[PDB]
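Each value in this text was obtained by applying a stated rule to the coordinates, not by laboratory testing. Every residue, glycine as well, gets a Cβ built from its backbone with ideal geometry; the counts of neighbours run over all protein chains shown.
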Amino acid sequence: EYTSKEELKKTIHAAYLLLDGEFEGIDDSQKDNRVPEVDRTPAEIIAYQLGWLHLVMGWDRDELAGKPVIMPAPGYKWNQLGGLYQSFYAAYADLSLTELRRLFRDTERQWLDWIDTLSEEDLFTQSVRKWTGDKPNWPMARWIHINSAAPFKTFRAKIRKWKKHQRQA
């Protein structure tokens, strides 16, 4: 849980910067290189974030604009996450690693900008939005956490492990 919008933004941005910082020294040519120890490539690691950040911002933007929201995505049910992730990877597969990092930087800024428009009540009380559902402990802030602060930390571990196994067992 978070104490405030301020702490939420701080935590997200710190984790973003540590994640992106790991990509320094990874060559564009290495973006699709897979090692058995890590389930994702460097390209997939960023494309995964792009996919979820845009999806979640989309839910909120669409709901407020009067576009009914289908979650998680129009052609993917919650039981089809595997396919959803592949659609993320496919959508960004053409971008260089450098281009991916620039898109991720702009997208994380969009994310913080969107959060800045939310009141503390919007963030931390349930049933303000329809898309967050009505379950206790799942207000906007939780959905935001599990799609930014949390995966930015998890996927930082992933890219660090990928880098390790470029050099050693």
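Can you pull out the trypsin sites (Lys or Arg not before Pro) in the stretch 38-79 whose DSSP state is coil and whose Cβ has at most 15 other Cβ atoms within 10 Å?
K77
Using the Cβ atoms and a cut-off under 15 Å, what net charge is assigned to the surroundings of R129, where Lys and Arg are +1 and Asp and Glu are -1?
Result for the local shell: -2.
Which part of the stretch 39-57 falls in the paramagnetic zone of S87, meaning amide N under 14 Å from the point 7 Å along Cα-to-beta-carbon?
In the stretch 39-57, the label zone of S87 (backbone N under 14 Å from the point 7 Å along Cα→Cβ) covers 51-56.
Of all the C-alpha pairs in the chain, what % are more than 30 Å from each other? Let's see the in-between values first.
Values: 2723 of 14196 pairs.
Cα-Cα pairs in the chain separated by more than 30 Å: 19 percent.
What stretch of the chain, leaving out the sites themselves, is the longest with no GluC sites (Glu not before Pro) in a DSSP loop having at most 14 other Cβ atoms within 10 Å?
Maximal segment without exposed cleavage sites: 38-169.
Please arrange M71, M140 by counting, for each residue, the other beta carbons lying within 10 Å of its beta carbon, fewest first.
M71, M140
Bin width 5 Å, alpha-carbon pairs only: give the P(r) of the stretch 37-111 as whole percents, running from 0 to the bin holding the largest distance.
3, 15, 24, 22, 20, 12, 4, 1, 0
Sum up the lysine pairs in the stretch 15-169 that clear both bars: alpha-carbon distance under 29 Å and a spacing of 8 or more or different chains.
Going through the stretch 15-169 pair by pair, I get 18.
Based only on Cα atoms, what Rg/Rh ratio does the stretch 92-169 have, Rh being taken as Kirkwood's radius? Kindly include the intermediate steps, with their values, before the conclusion.
Details: Rg = 16.7 Å, Rh = 15.0 Å.
With Rh from the inverse mean 1/r over Cα pairs, Rg/Rh is 1.11.
Relative contact order for the chain: what is it in percent, counting Cα pairs under 8 Å that are at least 6 residues apart? List each step's numbers first, then the result.
Numbers: 161 pairs, mean separation 63.1, N = 169.
Contact order relative to length: 37 percent.
On full extension of the chain, what length is gained from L112 through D94, given 0.36 nm per residue of separation minus the C-alpha to C-alpha distance? Walk me through the intermediate numbers first.
Values: separation 18, 0.36 × 18 = 6.48 nm, distance 2.61 nm.
Residue separation times 0.36 nm, minus the Cα-Cα distance, leaves 3.9 nm.
Figure the gain on full extension for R34 and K77 (residue separation times 0.36 nm, minus the Cα-Cα span) and round it to one decimal in nm.
Extra length available between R34 and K77 comes to 12.7 nm.
Given the DSSP H assignment, sum -39500 (n - 2.57) over each helix run of at least 4 residues in the chain and divide by its residue total; what's the result at 222 nm in deg cm²/dmol, nearest 500?
-19000 deg cm²/dmol
Rounded to the nearest 10 degrees, what's the angle between the helix 5-21 long axis and the longest principal axis of the chain, both from Cα atoms, 0 to 90?
Rounded to the nearest ten degrees, it is 10.
Grab the other residues whose beta carbon is less than 12 angstrom from that of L55, score K and R as +1, D and E as -1, and report the net.
Charge balance near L55 sits at -1.
Just subtract the alpha-carbon distance of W138 and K67 from 0.36 nm times their residue separation and send over the number in nm, one decimal.
Fully extending the segment from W138 to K67 adds 23.4 nm.
For the stretch 88-133, compute Rh as the Kirkwood radius over C-alpha pairs and then the Stokes-Einstein diffusion coefficient at 20 °C and 1.002 mPa s; write the answer in µm²/s, rounded to an integer. Walk me through the intermediate numbers first.
Details: Rh = 13.0 Å.
It diffuses with D of about 165 µm²/s by this estimate.
Does anyone have the angle between helix 42-65 and the longest principal axis of the chain? Alpha-carbon axes, 0 to 90°, nearest 10?
Relative to the chain, helix 42-65 is tipped by roughly 10 degrees.
Quick one: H13, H165, fewest Cβ neighbours within 10 Å first, how do they rank?
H165, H13
Work from the charge dipole of the stretch 1-143 (Cβ charges, +1 for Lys and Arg, -1 for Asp and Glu, about the Cα centre) and give the residue of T125, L112, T11 farthest towards its positive end.
Positive-end residue among those listed: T125.
Order by neighbour count: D32, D94, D122, fewest other Cβ atoms within 10 Å first, most last.
Fewest-to-most ranking of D32, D94, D122: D94, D32, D122.
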